[PDB]
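Reviewing the structure listed below.
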Amino acid sequence: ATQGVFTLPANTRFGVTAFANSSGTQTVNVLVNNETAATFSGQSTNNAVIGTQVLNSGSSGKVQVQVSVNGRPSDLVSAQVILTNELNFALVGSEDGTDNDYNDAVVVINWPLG
Amino acid sequence: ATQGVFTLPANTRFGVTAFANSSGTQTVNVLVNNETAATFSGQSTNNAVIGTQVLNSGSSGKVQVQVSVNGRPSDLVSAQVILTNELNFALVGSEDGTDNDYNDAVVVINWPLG
Amino acid sequence: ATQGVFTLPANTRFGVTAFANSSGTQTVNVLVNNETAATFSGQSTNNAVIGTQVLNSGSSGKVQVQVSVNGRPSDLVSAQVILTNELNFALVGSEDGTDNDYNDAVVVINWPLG
Amino acid sequence: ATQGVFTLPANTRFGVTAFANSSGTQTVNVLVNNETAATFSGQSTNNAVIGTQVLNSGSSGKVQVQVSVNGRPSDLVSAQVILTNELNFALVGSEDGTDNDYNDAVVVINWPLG
Amino acid sequence: XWXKXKXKXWX
Ligand SMILES: *C(=O)C[C@@H]1O[C@@H](C)[C@@H](O)[C@@H](O)[C@@H]1O
Ligand SMILES: *Cc1cccc(C*)c1
Ligand SMILES: [Ca+2]
Ligand SMILES: [Ca+2]
Ligand SMILES: [Ca+2]
Ligand SMILES: [Ca+2]
Ligand SMILES: [Ca+2]
Ligand SMILES: [Ca+2]
Ligand SMILES: [Ca+2]
Ligand SMILES: [Ca+2]
């Protein structure tokens, strides 16, 4: 199935934050309405916060996360969780190799803000 | 129900990262085996990272998140999500007031690392 | 925080299914637009499906699950999860006693149907 | 990524319940430790329960769900959610065609029981 | 499959 694609409420500020757990340098691209809105990169095996940014979901609400390592797309897993019918997390894991720990880049999207 | 308490695999390193969305200064305490192992403090209405650390879940694996504002504990909501049977998120939201957005401090715990 | 309350897309059919795991008789009430739309009752310690129904979320989309045992309200826990940005589960557990297994009545709401 | 595979606590009773939302007859196989433990079959476009059963996770705790329609494997999506650190849901959706609603067979695994 | 197929479902 498609992974890493989320429909947010339109015109809504959200946080996006990326963590790295790999010997490979991660590149995380965050697209809003199919256009790149943020890019994060780093290399850590100890959960470095390689980027964090506040974005706006825009008129479409479409947010997509993509991860690559040296130009090779990683395999993605994702889900969205809502707590007490108000607090939203969109979650992404990614695998750049063969051990299938799916933490090589981890991306957390959260809203509402403020 | 009890919230903000998670059983991790024993003696496992995990990341913990806290975000703030409130006019009040957030204090986030992370307990491992019922003893404080990390404390973050900060104030933001724009989802600023107020702390991030790597901890060891220890012999019991018991991890607890507590949030307080101006000396008063916030009300917590939490859940754990597992993706592709490998990637774990323990998620906490908190409410310090009356508007029930439950984002006043947001805490993300993730494992495995590395 | 409030639990067992979910905002579905308006006017949308959804499934609701209740399981029992307790020595006490469970009463599960499902409210749409603040009015009971389905009720299930039964006693099981073996996960009996005490009821399943298809309901319409109505003009507000507001769905609430309540659980009681001989009139005494159970404590609820809940969350919503979305898979591949299309498949929704609203999940409820409940506790009628002191052992905190929170499975005494379990309620699963799923949409879309068809 | 692999979907529909879950590590349960060993030697633990769990419920498995399958719903159908498709014009195609759904075949749901539940494997425990790589051996078929239950098979459900049925057809509904109205979320009918096509099977429910209590199984034991055995010495390995490995549980796998597979869905096919007349010999065509369905694409799976899945996640596990834990509420108040006690109540577990393993959730599966599946898609037998190209409309990407992933509800064609829906499978819910829940534990603990009793 | 192919929707309702005008009164003969899935095959
Ligand atoms: C065949 O018609 C496709 C199929 O059945 C439909 C009624 C609908 O449930 C669709 O999601 C499913 O894949
Ligand atoms: C959905 C479908 C499959 C095979 C044959 C027919 C006529 C229809
Ligand atoms: Ca890896
Ligand atoms: Ca890794
Ligand atoms: Ca608040
Ligand atoms: Ca707030
Ligand atoms: Ca109980
Ligand atoms: Ca029970
Ligand atoms: Ca389908
Ligand atoms: Ca369908």
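Proteins get letters first, then strands, A, B, ... in listed order; numbering begins at 1 in each. Below, all heavy atoms of this structure are taken into account, side chains as well, without hydrogens, waters or symmetry copies. For ligands, and for the atoms within them, numbers begin at 1 and follow the listed sequence.
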Which of the numbered atoms in ligand 1 are below 4.0 angstrom from a heavy atom of [X]?
{"X": "D:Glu95", "result": "13 (O)"}
{"X": "D:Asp101", "result": "11 (O)"}
{"X": "C:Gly114", "result": "9 (O)"}
{"X": "E:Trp2", "result": "1 (C), 2 (O)"}
{"X": "D:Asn21", "result": "9 (O)"}

(request) Return the minimal non-hydrogen interatomic distance between D:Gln3 and D:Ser78, and the atom names on each side. (result) OE1-N, 2.9 Å
We want to know whether [X] and [Y] form a side-chain donor-acceptor pair, criterion being a heavy-atom distance below 3.5 angstrom.
{"X": "C:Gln26", "Y": "C:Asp96", "result": "yes"}
{"X": "C:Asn100", "Y": "C:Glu95", "result": "no"}
{"X": "D:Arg13", "Y": "C:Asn46", "result": "yes"}
{"X": "D:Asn34", "Y": "D:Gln64", "result": "no"}
{"X": "D:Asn47", "Y": "D:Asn21", "result": "yes"}
{"X": "C:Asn85", "Y": "A:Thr7", "result": "yes"}
{"X": "C:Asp104", "Y": "C:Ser94", "result": "no"}
{"X": "A:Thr52", "Y": "A:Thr17", "result": "yes"}

Looking only at distances, please establish whether an N/O atom of ligand 1 is found under 3.5 Å from an N/O atom of [X].
{"X": "D:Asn103", "answer": "no"}
{"X": "D:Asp104", "answer": "yes"}
{"X": "E:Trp10", "answer": "no"}

(message) Distance check, rounded to the nearest 0.5 Å: A:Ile50 atom CD1 versus A:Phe40 atom CZ?
(response) 8.0 Å
(message) Looking only at N, O or S atoms, which one in A:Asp99 sits nearest to the Ca ion (ligand 3)?
(response) OD1
(request) Give the atom name of whichever N/O/S atom in C:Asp101 sits closest to the Ca ion (ligand 8). (result) OD2
(message) Of all the N, O or S atoms in C:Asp104, which has the shortest distance to the Ca ion (ligand 8)?
(response) OD1
Let me check your reading of the structure: within less than 3.0 Å of the Ca ion (ligand 8), is there an N/O/S atom from [X]?
{"X": "C:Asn103", "value": "yes"}
{"X": "C:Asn21", "value": "yes"}
{"X": "D:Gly114", "value": "yes"}

(request) Tell me, please: is D:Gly24 in heavy-atom contact with ligand 1, that is, under 4.0 Å? (result) no
(request) Check whether any N, O or S atom of A:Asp96 sits under 3.0 Å from the Ca ion (ligand 3). (result) no
